[PDB]
Number of protein chains: 2
Amino acid sequence: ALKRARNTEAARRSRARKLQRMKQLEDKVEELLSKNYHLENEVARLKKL
Amino acid sequence: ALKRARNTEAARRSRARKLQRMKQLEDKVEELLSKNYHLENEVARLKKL
DNA sequence: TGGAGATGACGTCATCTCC
DNA sequence: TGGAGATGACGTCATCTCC
């Protein structure tokens, strides 16, 4: 059927978006963990001086 | 068939783990964004004083 | 070992959303 | 509006992994 054919592609596009969103999110946690470390270290330094 | 029955449940358990992992990850980004803000603000303060 | 479970992509159905 | 697309869960098959 036709509605099925269209839905099969809509599902394909939807899955693809969910896979990129996950990766995007995983990268962000990596980015924030590093930014966090530099600030935490920075705080210790300024605290001393 | 039997192997199919088992796989149908293995898939159910697997999906469940992927849903919790996503949520866990989403919470972490929220947590780090806030911790980041407090440190960034903290740095500005110590910088001044 | 061979064999069990885990997991990625698939296509489908049910629903929601949005004009 | 009614109708189009988006999306969550499903069950299946193919493969990987791990003893």
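Heavy-atom basis, side chains included; hydrogens, waters and symmetry copies ignored. By convention in this document, chain letters (A, B, ...) are assigned in the order of the sequence lines, proteins followed by strands, and residues within each chain are numbered from 1.
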Working note: A:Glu26 + B:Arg21, criterion salt bridge (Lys or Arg N to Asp or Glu O under 4.0 Å); need CA distance, chi angles, decisive distance, verdict. CA-CA 11 Å; A:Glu26 301 182 90; B:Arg21 288 180 254 148; over 6 Å; no
Determine, stepwise, if the pair B:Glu9 / B:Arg13 fulfils side chain to side chain contact (heavy atoms under 4.5 Å, CB included). CA-CA 6 Å; B:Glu9 286 314 302; B:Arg13 302 194 291 265; 3.8 Å; yes
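The line from OG of A:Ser34 to NE2 of A:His38 is 5.0 Å long, rounded to the nearest 0.5 Å. Put simply, NZ on B:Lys28 and CG on A:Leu25 are 11.0 Å apart, with the number rounded to the nearest 0.5 Å. The distance from the CG atom of A:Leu33 to the CG atom of B:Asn36 is 11.0 Å, given to the nearest 0.5 Å. If you take CE on B:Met22 and NZ on A:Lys18, they are separated by 10.5 Å, rounding to the nearest 0.5 Å. In this structure, CD on A:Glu42 lies 10.0 Å from CD on B:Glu42, to the nearest 0.5 angstrom. Considering CZ of B:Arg4 and OG1 of B:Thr8, their distance stands at 7.0 Å, rounded to 0.5 Å.
Residue A:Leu39 is not grouped with residue B:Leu32 when hydrophobic side chains (ILVMFWY) are merged at heavy-atom distances under 4.5 angstrom, including chains of intermediate members.
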Contact list (N/O, under 3.5 angstrom) for nucleotides 3-5 of chain D vs protein:
unit_1	atom_1	unit_2	atom_2	d
D:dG5	OP1	A:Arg6	NH2	3.0
D:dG5	OP2	A:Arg6	NE	2.7

Tabulate protein N/O versus nucleotide N/O from nucleotides 13-19 of chain D, keeping only pairs under 3.5 Å, one per line.
unit_1	atom_1	unit_2	atom_2	d
D:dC13	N4	B:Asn7	OD1	3.0

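When the P atom of C:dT12 is taken as reference, atom CG of A:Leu2 falls 12 Å away, rounded to whole Å. Across the protein-nucleic acid pair, B:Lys18 atom NZ and C:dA9 atom P stand 10 Å apart, rounded to whole Å. Between the CE atom of B:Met22 and the P atom of D:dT7 there is a distance of 12 Å, given to the nearest Å.
When all heavy atoms are compared, the tightest approach of B:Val43 to A:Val43 is CG2-CG2, 3.8 Å.
Side-chain to base pairing of A:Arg15 with C:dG11: one donor and one acceptor N or O lie within less than 3.5 Å of each other.
Secondary structure note: stems in DNA chain C built from 3 or more consecutive Watson-Crick or G-U wobble pairs under 3.5 Å occupy C:2-19 with D:2-19.
In terms of modelled atom types and a separation under 3.5 Å, the side chain of A:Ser14 and the main chain of A:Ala10 share no donor-acceptor contact.
When the nucleotides C:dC10, D:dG11, D:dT7 are ranked by their closest atom to the side chain of A:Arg21, D:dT7 comes out on top.
Under 4.0 angstrom from either OP1 or OP2 of C:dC10 there lies at least one side-chain N or O belonging to A:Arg12.
Evaluation of the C1'-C2'-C3'-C4' torsion of D:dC10 gives a positive value and hence a north sugar.
Position along DNA chain D of the nearest nucleotide to B:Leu19 versus B:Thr8 favours B:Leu19 as the more 5'-ward residue.
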